[PDB]
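Just so you know, these numbers use all the heavy atoms, side chains as well, and skip hydrogens, waters and symmetry mates. We count ligands from 1, going down the list as the structure has it; atoms in each ligand are counted the same way. Naming: A, B, ... by sequence-line order, numbering from 1 per chain.
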Amino acid sequence: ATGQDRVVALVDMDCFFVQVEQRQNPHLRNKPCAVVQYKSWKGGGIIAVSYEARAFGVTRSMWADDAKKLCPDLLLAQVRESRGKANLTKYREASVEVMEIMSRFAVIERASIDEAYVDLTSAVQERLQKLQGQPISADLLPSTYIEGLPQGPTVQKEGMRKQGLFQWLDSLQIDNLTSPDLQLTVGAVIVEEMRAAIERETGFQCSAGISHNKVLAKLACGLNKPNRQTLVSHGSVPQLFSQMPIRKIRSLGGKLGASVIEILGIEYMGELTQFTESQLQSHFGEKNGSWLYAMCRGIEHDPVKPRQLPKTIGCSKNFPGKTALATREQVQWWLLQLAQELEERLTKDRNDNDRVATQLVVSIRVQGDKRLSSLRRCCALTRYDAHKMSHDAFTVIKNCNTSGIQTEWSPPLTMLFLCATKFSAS
DNA sequence: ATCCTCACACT
DNA sequence: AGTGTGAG
Ligand SMILES: O=c1nc[nH]c2c1ncn2[C@H]1C[C@H](O)[C@@H](COP(=O)(O)OP(=O)(O)OP(=O)(O)O)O1
Ligand SMILES: [Ca+2]
Ligand SMILES: [Ca+2]
């Protein structure tokens, strides 16, 4: 079981929110620019950064005022605000554009607002039969890198890419319709078409990874950005993983990746191969150890889920520091703002996707607590009605109020969160 | 004071 | 049902 059964692609829009504003505002194209939300505090937090601005070291999470110190000619687009909070509608809608184009080629899994996995196994099969037995020309792959090539016995980047592609296509066994390397190559030709279709029909540029599973696809995608795709073959994995830091593989970027590194005394993904599956399972659990055992050999079976629609519709606002909501009527007003956006997006969903949400999830944070949420509670969602939702949300969080007064809210609320979930066909 | 999101595992 | 992790 070499884990070469499937062809999987991960497509990822290049600096997506920036492109969305650059498409709409041509003055911003091919310039250092970023997208920010909320202008008042330190110029606004940066959530997306064009590749021109990145070369000055501008990053996400920075304050816009500080980014202007790194890049004085940085241009800024501010996220729409509605009802006193950020409104992402323009980007969800531009996201819909991209998901619908990709869905014309294969079944996709929406992984985030701007990336989708594609299972190309079947599409590659059909294309292999229409392809008689004729060779794959390099012109079919004008923006594809083959990771690990060129090797063996040109100083500029496009030169390297071409030499690597040529070495790869020279040794392609195009007479064997079951060689896994042929299938990825044909998968990559389809992804070139997918990416040309996206750019022509939206103007949005993107990168893609093509491999045999989701984690290699995602890893491959970020090896050659922007506006390029990378094929990571099963055979490339030992050299690729030998110096790949663990935290770079999807889901090892957090506490678990930190435990793998610490407990085992290792640094790179390839070092995991020296351990038995029983050993990995003993340190990290049955499923995490089985998964680590196979993943460090480049094998993973997580399937491409057929799901293009989010499972939850959510809507939240932080109230940091001195702004924490300390009165009962303050908490009521913002729950109404939240419910009002929620209601408007839910009714778009019902009309667009023939489904209804049946459960309302209310979360709050409390000043003094350490974590994202401090409490989560749930009631029934029977009506796309902003007042009822916010009345029901208040009902189910009223007793969190440690205050003895009735008009006050102690401890003050630092976050409000409303989430419709548990959708059913309608 | 990166804010606002979404999926999923664990219990 | 509620919590926590990991990601965009
Ligand atoms: O913390 C965040 N808070 C609010 N919004 C965020 C956040 N993190 C990412 N986002 C939004 C904007 C980003 O454009 C889009 C895709 O995210 P993401 O793929 O990670 O980065 P990106 O498309 O901007 O650049 P790139 O893929 O070329 O590295 O998600
Ligand atoms: Ca992405
Ligand atoms: Ca992206």
Novice: Just to be sure I'm reading this right: ignoring hydrogens, which of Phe17(A), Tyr51(A), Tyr91(A), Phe16(A) gets closest to atom 11 (C) of ligand 1? Compare them by their nearest heavy atoms.
Specialist: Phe17(A)

Novice: Using the rule side chain to side chain donor-acceptor pair (under 3.5 Å), only one of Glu199(A), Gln19(A), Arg228(A) pairs with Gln205(A); which is it?
Specialist: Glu199(A)

Novice: So which protein heavy atom does atom 3 (N) of ligand 1 come closest to, and at what separation?
Specialist: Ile47(A) CG2, 3.8 Å

Novice: Does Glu52(A) come within less than 4.0 Å of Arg29(A), counting only side-chain N to carboxylate O?
Specialist: no

Novice: Between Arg297(A) and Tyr293(A), is NZ or CZ placed under 6.0 angstrom from the six-membered ring centre and within 45° of the ring axis?
Specialist: yes

Novice: Once rounded to 10 degrees, what value does the angle at the Ca ion (ligand 2) take between OE1 (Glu115(A)) and OD1 (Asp12(A))?
Specialist: 130°

Novice: Are any of the side-chain nitrogens in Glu81(A) or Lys85(A) under 4.0 Å away from the carboxylate oxygens of its partner?
Specialist: no

Novice: With heavy atoms of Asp14(A) as the reference, note each atom of ligand 1 found under 4.0 Å away.
Specialist: 28 (O)

Novice: Going by distance only, is there an N or O of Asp114(A) that falls short of 3.5 Å from an N or O of ligand 1?
Specialist: yes

Novice: Write out the residue and atom name of the closest protein heavy atom to atom 18 (P) of ligand 1, then the distance separating them to 0.1 Å.
Specialist: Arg60(A) NH2, 3.8 Å

Novice: Does the cation-pi check pass for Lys398(A) over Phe394(A), that is, NZ or CZ under 6.0 Å from the six-membered ring centre and within 45° of its axis?
Specialist: no

Novice: Show the atoms of ligand 1 that are less than 4.0 angstrom away from any heavy atom in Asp12(A).
Specialist: 19 (O), 27 (O)

Novice: Has ligand 1 got any nitrogen or oxygen that is less than 3.5 angstrom from a nitrogen or oxygen of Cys15(A)?
Specialist: yes

Novice: What do you get for the angle at the Ca ion (ligand 3) between OD2 on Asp114(A) and O on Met13(A), to the nearest 10 degrees?
Specialist: 90°

Novice: Go through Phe241(A) and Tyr268(A) one step at a time and tell me if the ring pair (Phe, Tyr, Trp, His ring centres under 6.0 Å) criterion holds.
Specialist: CA-CA 7 Å; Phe241(A) 277 3; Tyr268(A) 304 125; over 10 Å; no

Novice: Could you list which atoms of ligand 1 come closer than 4.0 Å to a heavy atom of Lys225(A)?
Specialist: 26 (P), 27 (O), 28 (O), 29 (O)

Novice: Can you establish whether the number of heavy atoms outside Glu329(A) located under 6.0 Å from its atom CD is more than 12?
Specialist: yes

Novice: Would you tell me which option among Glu115(A), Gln205(A), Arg54(A), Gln19(A) has the nearest heavy-atom contact to atom 25 (O) of ligand 1?
Specialist: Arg54(A)

Novice: Tell me whether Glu158(A) at atom CD has more than 12 heavy atoms from other residues, nucleotides or ligands lying less than 6.0 Å away.
Specialist: yes

